Amino acid sequence: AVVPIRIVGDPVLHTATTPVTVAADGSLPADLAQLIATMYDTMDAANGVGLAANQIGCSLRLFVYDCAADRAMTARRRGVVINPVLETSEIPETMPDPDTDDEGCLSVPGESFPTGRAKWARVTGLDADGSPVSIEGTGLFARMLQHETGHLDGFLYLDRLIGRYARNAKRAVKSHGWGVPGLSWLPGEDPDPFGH
Ligand SMILES: CCCC[C@H](CN(O)C=O)C(=O)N1CCC[C@H]1c1nc2ccccc2o1
Ligand SMILES: CCCC[C@H](CN(O)C=O)C(=O)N1CCC[C@H]1c1nc2ccccc2o1
Ligand SMILES: CCCC[C@H](CN(O)C=O)C(=O)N1CCC[C@H]1c1nc2ccccc2o1
Ligand code: NI
């Protein structure tokens, strides 16, 4: 199903998710497939390259993605990672570049700000079949991996902003009246907030 995406201020976005159950014998929850299907449907309707479970109000440690550019050729374009563990290269503390570092989030709809990210990242975890999966890349793909793991850890990309970028974002969030609970938008019902 296509379901609402929670907006900054919703507690489910701002606390760490609970890992997905994996039994001793390797088995995943039998009803996980339905949640995954909803995550794909919602990501797609929202014109996303990624979606974390807590963005749809589910505090479980998994994300889906569909993101082609800069991925290692060993990585599927579209997939899911259950219980992801994130590795990165050096996360830069220099001021992000407005012409290359812009980043947004469906839980902060209609906004984007230059955001510092590691150039390379890898996520390992399980796929929907419970088999180990490892995906990696640079540029956009690495940014996506960091962004989704961020959600699952209880963070938004807003939490990474610095200086003039953080200033610009703080005012924007305030002016929307965001940062309080209970706010959401519904892809396919509400207009696409990114002009997509
Ligand atoms: C946290 C979102 C709930 C995921 C759930 C997964 N699934 O297919 C069933 O397990 C789902 O899509 N559901 C659960 C009930 C029906 C559908 C659903 N939940 C909605 C919530 C709002 C709008 C439409 C909705 O459609
Ligand atoms: C770099 C990761 C951006 C993830 C974000 C979805 N999200 O919040 C997941 O957690 C997303 O797809 N966004 C946010 C802005 C619009 C859309 C988006 N960002 C893009 C970047 C390149 C190509 C298509 C893109 O579509
Ligand atoms: C340990 C929490 C995970 C359980 C459940 C997963 N689910 O329903 C989605 O499939 C969930 O997220 N729930 C169940 C009740 C409301 C929501 C939830 N759990 C939260 C935990 C913290 C903050 C907000 C939360 O919202
Ligand atoms: Ni996001």
# chains A, B, ... in the order shown; residues from 1 in each chain; ligands from 1
>>> residues_near_ligand(ligand="ligand 4", cutoff="8 Å", atoms="only C-alpha atoms and all ligand atoms", output="list in words")
residues 50, 51, 52, 55, 104, 105, 106, 107, 108, 147, 148, 151, 156 and 157 of chain A
>>> residues_near_ligand(ligand="ligand 3", cutoff="8 Å", atoms="only C-alpha atoms and all ligand atoms", output="tab-separated table (two decimals) with N, CA, C and O atoms, in the first residue's frame")
chain	number	residue	atom	x	y	z
A	10	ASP	N	7.63	14.27	14.33
A	10	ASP	CA	7.03	13.00	14.74
A	10	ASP	C	8.08	12.20	15.51
A	10	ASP	O	9.14	11.91	14.97
A	11	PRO	N	7.78	11.83	16.77
A	11	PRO	CA	8.75	11.08	17.60
A	11	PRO	C	9.38	9.83	16.94
A	11	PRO	O	10.53	9.50	17.22
A	12	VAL	N	8.62	9.16	16.08
A	12	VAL	CA	9.11	7.93	15.43
A	12	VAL	C	10.31	8.23	14.53
A	12	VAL	O	11.12	7.34	14.26
A	13	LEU	N	10.44	9.48	14.10
A	13	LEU	CA	11.60	9.85	13.27
A	13	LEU	C	12.84	10.14	14.11
A	13	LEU	O	13.95	10.13	13.58
A	14	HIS	N	12.65	10.44	15.39
A	14	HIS	CA	13.72	11.02	16.21
A	14	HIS	C	14.23	10.08	17.30
A	14	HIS	O	14.95	10.50	18.21
A	15	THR	N	13.87	8.82	17.19
A	15	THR	CA	14.44	7.82	18.07
A	15	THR	C	14.88	6.59	17.27
A	15	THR	O	14.34	6.30	16.20
A	16	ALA	N	15.90	5.89	17.78
A	16	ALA	CA	16.46	4.73	17.07
A	16	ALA	C	15.41	3.65	16.91
A	16	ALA	O	14.58	3.42	17.81
A	17	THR	N	15.42	3.02	15.74
A	17	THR	CA	14.53	1.89	15.46
A	17	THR	C	14.96	0.62	16.20
A	17	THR	O	16.10	0.46	16.63
A	18	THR	N	14.00	-0.30	16.32
A	18	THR	CA	14.26	-1.61	16.89
A	18	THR	C	14.66	-2.57	15.76
A	18	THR	O	14.00	-2.61	14.72
A	35	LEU	N	5.09	-5.51	4.93
A	35	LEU	CA	5.68	-4.23	5.31
A	35	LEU	C	6.66	-3.77	4.23
A	35	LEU	O	6.64	-2.61	3.84
A	53	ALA	N	11.99	2.55	7.28
A	53	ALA	CA	10.70	2.12	7.85
A	53	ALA	C	10.06	3.16	8.79
A	53	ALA	O	8.84	3.30	8.83
A	54	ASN	N	10.88	3.86	9.57
A	54	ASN	CA	10.31	4.84	10.52
A	54	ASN	C	9.68	6.05	9.83
A	54	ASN	O	8.84	6.75	10.42
A	57	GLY	N	6.15	5.35	9.95
A	57	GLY	CA	5.65	5.19	11.31
A	57	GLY	C	5.96	3.85	11.92
A	57	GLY	O	5.41	3.51	12.98
A	58	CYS	N	6.84	3.09	11.27
A	58	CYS	CA	7.25	1.75	11.71
A	58	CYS	C	8.68	1.78	12.25
A	58	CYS	O	9.63	1.93	11.47
A	59	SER	N	8.83	1.58	13.56
A	59	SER	CA	10.13	1.74	14.22
A	59	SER	C	10.91	0.43	14.15
A	59	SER	O	11.28	-0.15	15.20
A	60	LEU	N	11.16	-0.02	12.92
A	60	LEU	CA	11.95	-1.24	12.68
A	60	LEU	C	13.16	-0.93	11.80
A	60	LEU	O	13.09	-0.04	10.94
>>> residues_near_ligand(ligand="ligand 1", cutoff="7 Å", atoms="only C-alpha atoms and all ligand atoms", output="list in words")
residues 1, 2, 3, 4, 31, 34, 35, 37, 38, 56, 57 and 58 of chain A
>>> select_by_dssp(residues="range 69-190 of chain A", states="strand (DSSP E)", output="number ranges by chain")
A: 78-88, 102-104, 112-114, 120-126, 132-138, 184-185
>>> closest_residue(among="A:100, A:78, A:73, A:110", to="residue 44 in chain A", atoms="only C-alpha atoms")
A:78
>>> select_by_dssp(residues="range 57-178 of chain A", states="alpha helix (DSSP H)", output="number ranges by chain")
A: 139-152, 163-176
>>> write_last_selection(atoms="N, CA, C and O atoms", output="CSV table (one decimal), in the first residue's frame")
chain,number,residue,atom,x,y,z
A,139,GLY,N,29.3,8.8,-4.1
A,139,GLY,CA,28.4,9.9,-4.5
A,139,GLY,C,27.0,9.7,-4.0
A,139,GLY,O,26.8,9.5,-2.8
A,140,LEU,N,26.0,9.7,-5.0
A,140,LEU,CA,24.6,9.6,-4.6
A,140,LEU,C,24.3,8.4,-3.8
A,140,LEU,O,23.5,8.4,-2.9
A,141,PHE,N,24.8,7.2,-4.3
A,141,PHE,CA,24.4,6.0,-3.7
A,141,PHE,C,25.0,6.0,-2.2
A,141,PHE,O,24.3,5.6,-1.3
A,142,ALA,N,26.2,6.4,-2.0
A,142,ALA,CA,26.8,6.5,-0.7
A,142,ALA,C,26.0,7.5,0.2
A,142,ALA,O,25.8,7.2,1.4
A,143,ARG,N,25.5,8.6,-0.4
A,143,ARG,CA,24.7,9.6,0.3
A,143,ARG,C,23.4,8.9,0.8
A,143,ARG,O,23.0,9.1,2.0
A,144,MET,N,22.8,8.2,-0.1
A,144,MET,CA,21.5,7.5,0.2
A,144,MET,C,21.7,6.5,1.4
A,144,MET,O,21.0,6.5,2.3
A,145,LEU,N,22.8,5.7,1.3
A,145,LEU,CA,23.1,4.7,2.4
A,145,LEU,C,23.2,5.4,3.7
A,145,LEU,O,22.7,5.0,4.8
A,146,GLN,N,23.9,6.5,3.8
A,146,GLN,CA,24.1,7.3,5.0
A,146,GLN,C,22.8,7.9,5.5
A,146,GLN,O,22.5,7.9,6.7
A,147,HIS,N,22.0,8.4,4.5
A,147,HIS,CA,20.7,9.0,4.8
A,147,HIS,C,19.8,8.0,5.4
A,147,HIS,O,19.1,8.3,6.4
A,148,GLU,N,19.7,6.8,4.8
A,148,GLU,CA,18.7,5.8,5.3
A,148,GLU,C,19.1,5.3,6.7
A,148,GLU,O,18.3,5.1,7.6
A,149,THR,N,20.4,4.9,6.8
A,149,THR,CA,20.9,4.5,8.1
A,149,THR,C,20.7,5.6,9.2
A,149,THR,O,20.3,5.3,10.3
A,150,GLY,N,20.9,6.9,8.8
A,150,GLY,CA,20.5,8.0,9.7
A,150,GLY,C,19.1,7.9,10.2
A,150,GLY,O,18.9,8.0,11.4
A,151,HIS,N,18.1,7.7,9.4
A,151,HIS,CA,16.8,7.6,9.8
A,151,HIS,C,16.7,6.4,10.8
A,151,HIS,O,16.0,6.6,11.9
A,152,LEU,N,17.2,5.3,10.5
A,152,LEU,CA,17.1,4.1,11.3
A,152,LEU,C,17.7,4.3,12.7
A,152,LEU,O,17.4,3.6,13.7
A,163,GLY,N,26.7,25.7,10.2
A,163,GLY,CA,26.8,27.1,9.8
A,163,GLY,C,25.6,27.6,9.1
A,163,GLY,O,24.4,27.5,9.6
A,164,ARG,N,25.8,28.3,8.0
A,164,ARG,CA,24.7,29.0,7.2
A,164,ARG,C,23.6,28.1,6.8
A,164,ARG,O,22.5,28.5,6.6
A,165,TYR,N,24.0,26.8,6.5
A,165,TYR,CA,23.0,25.8,6.0
A,165,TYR,C,22.1,25.4,7.1
A,165,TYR,O,20.9,25.4,6.9
A,166,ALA,N,22.6,25.2,8.3
A,166,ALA,CA,21.8,24.9,9.5
A,166,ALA,C,20.9,26.1,9.8
A,166,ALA,O,19.7,25.9,10.2
A,167,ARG,N,21.4,27.3,9.8
A,167,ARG,CA,20.6,28.5,10.0
A,167,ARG,C,19.5,28.6,9.0
A,167,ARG,O,18.3,28.7,9.5
A,168,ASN,N,19.7,28.4,7.7
A,168,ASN,CA,18.7,28.5,6.7
A,168,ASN,C,17.6,27.4,7.0
A,168,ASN,O,16.4,27.7,6.9
A,169,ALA,N,18.0,26.2,7.4
A,169,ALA,CA,17.1,25.1,7.6
A,169,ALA,C,16.2,25.3,8.8
A,169,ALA,O,15.0,25.0,8.8
A,170,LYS,N,16.8,25.8,9.9
A,170,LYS,CA,16.1,26.0,11.2
A,170,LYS,C,14.9,27.0,10.9
A,170,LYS,O,13.8,26.7,11.4
A,171,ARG,N,15.2,28.1,10.2
A,171,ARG,CA,14.1,29.0,9.9
A,171,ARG,C,13.0,28.4,9.1
A,171,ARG,O,11.8,28.6,9.3
A,172,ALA,N,13.4,27.6,8.1
A,172,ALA,CA,12.4,26.9,7.2
A,172,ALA,C,11.5,26.0,8.0
A,172,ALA,O,10.3,26.0,7.8
A,173,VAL,N,12.1,25.2,8.9
A,173,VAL,CA,11.3,24.2,9.7
A,173,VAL,C,10.3,25.0,10.5
A,173,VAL,O,9.1,24.6,10.6
A,174,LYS,N,10.8,26.0,11.2
A,174,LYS,CA,9.9,26.9,12.0
A,174,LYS,C,8.8,27.5,11.2
A,174,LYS,O,7.6,27.5,11.6
A,175,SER,N,9.1,28.0,10.0
A,175,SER,CA,8.1,28.7,9.2
A,175,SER,C,7.0,27.8,8.7
A,175,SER,O,5.9,28.2,8.5
A,176,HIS,N,7.3,26.5,8.5
A,176,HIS,CA,6.3,25.5,8.2
A,176,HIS,C,5.4,25.1,9.3
A,176,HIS,O,4.4,24.5,9.1
>>> closest_residue(among="A:8, A:135, A:36, A:28", to="ligand 2", atoms="only C-alpha atoms and all ligand atoms")
A:8
>>> closest_residue(among="A:41, A:87, A:129, A:102", to="ligand 2", atoms="only C-alpha atoms and all ligand atoms")
A:102
>>> closest_residue(among="A:90, A:43, A:188, A:183", to="ligand 2", atoms="only C-alpha atoms and all ligand atoms")
A:43
>>> atom_distance(atom1="CA of residue 47 in chain A", atom2="CA of residue 76 in chain A")
18.2 Å
>>> residues_around(residues="residue 131 in chain A", least_positions_apart="4", cutoff="12 Å", atoms="only C-alpha atoms", output="MDAnalysis selection string")
chainID A and resid 22 26:28 80:83 124:127
>>> closest_residue(among="A:63, A:91, A:122, A:185", to="ligand 2", atoms="only C-alpha atoms and all ligand atoms")
A:63
>>> closest_residue(among="A:33, A:39, A:123, A:86", to="ligand 2", atoms="only C-alpha atoms and all ligand atoms")
A:39
